[PDB]
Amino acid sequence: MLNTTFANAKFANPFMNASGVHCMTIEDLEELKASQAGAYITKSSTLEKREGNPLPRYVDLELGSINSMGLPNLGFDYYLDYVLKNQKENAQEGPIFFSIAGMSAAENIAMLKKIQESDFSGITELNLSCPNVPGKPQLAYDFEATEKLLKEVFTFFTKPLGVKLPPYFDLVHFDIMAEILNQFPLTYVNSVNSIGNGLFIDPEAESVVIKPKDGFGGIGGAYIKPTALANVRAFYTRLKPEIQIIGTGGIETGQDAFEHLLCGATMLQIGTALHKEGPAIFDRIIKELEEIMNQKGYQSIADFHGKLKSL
């Protein structure tokens, strides 16, 4: 009963992995294809293969996780060849999502041109918010640079495109972003990427727990649900209906999923919890969401989607 329509495609359920979790190699991707995830997305890629930051760069926290991966990925070509080959063996219902995170505007345009010129018929996600790349600030916090990039992208990109955004914390920022985004034929916006540059400390050792950037890393998990929900909701009420929303952040139980959908998310991505549990999480959370719906007498997501009530 979780059938979903997103970007003109039908998915068995709205669950996907969040980019960067369990999607580094073809082996990881095949495991997601074999799981009950309704769809899956590749690790954000760059033109050149990258090793990422020094270890340790990821730590499981009681309330979530902190990481500073530094974009380790097997390179743009590796992922493109994989998706193109999978396009031929139609053994999946729905398109695959392809994430790109170029280190500069030039690199993102180059990758998008290649995607546009290829036979790829899936969905592309432009990551404008990686908080863990030393020397590179989050492009999506610079409204002007963001508007400039999107203008150049839409002069040639005609395929489905969505943007992964960092969290915003001021209503006026939502107004400004929504206005910039509403002018483009975007397929979706995905909120949110990690809460950037947080710090976790081991009081006994009196030190940080991750090696890169003096311990500052992206925060995810339970810590960020309040912000994730707010971002999904704030955008749901300001974006033109043509642009759908993928909600990412703090999803660990069917209840968390239910809350994102109530705010207005259509697809849902699980990061930290999937990293901790493995692909079996999809089976568990699908069962949990269905139980919630059963108890409430709901037979489809359309019964409550975007219907969060004010007081």
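Residue numbers here begin at 1 and follow the sequence given.
Peer 1: Would 95 to 103 or 82 to 90 have the larger average of its C-alpha temperature factors, as given in the entry?
Peer 2: Stretch with the higher mean C-alpha B-factor: 82 to 90.
Peer 1: Please work out which of 145 to 153 and 226 to 234 has the higher mean CA B-factor as recorded in the PDB entry.
Peer 2: According to the PDB entry, the answer is 145 to 153.
Peer 1: Taking the values straight from the PDB record, which of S191, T124, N197, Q138 has the highest C-alpha temperature factor?
Peer 2: It is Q138.
Peer 1: Out of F120, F76, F216, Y168, which shows the largest CA B-factor listed in the entry?
Peer 2: That would be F120.
Peer 1: Going by the entry, which third of its chain does the Cα temperature factor of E259 land in?
Peer 2: Tercile = lowest for this residue's CA B-factor.
Peer 1: When the modelled residues of the chain are sorted by Cα temperature factor, does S19 land in the lowest, middle or highest third?
Peer 2: As the PDB entry reports it, the C-alpha B-factor of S19 lands in the lowest third of its chain.
Peer 1: So where's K43 on the chain's Cα temperature factor ranking, which third?
Peer 2: For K43, whose C-alpha B-factor we compare with every modelled residue in the chain, the answer is the lowest third.
Peer 1: Can you work out whether the C-alpha temperature factor of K164 puts it in the lowest, middle or highest third of the chain?
Peer 2: As the PDB entry reports it, the C-alpha B-factor of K164 lands in the lowest third of its chain.
Peer 1: Within this chain, which third does the Cα B-factor at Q36 fall in: lowest, middle or highest?
Peer 2: Its C-alpha B-factor belongs to the highest third of this chain's values.
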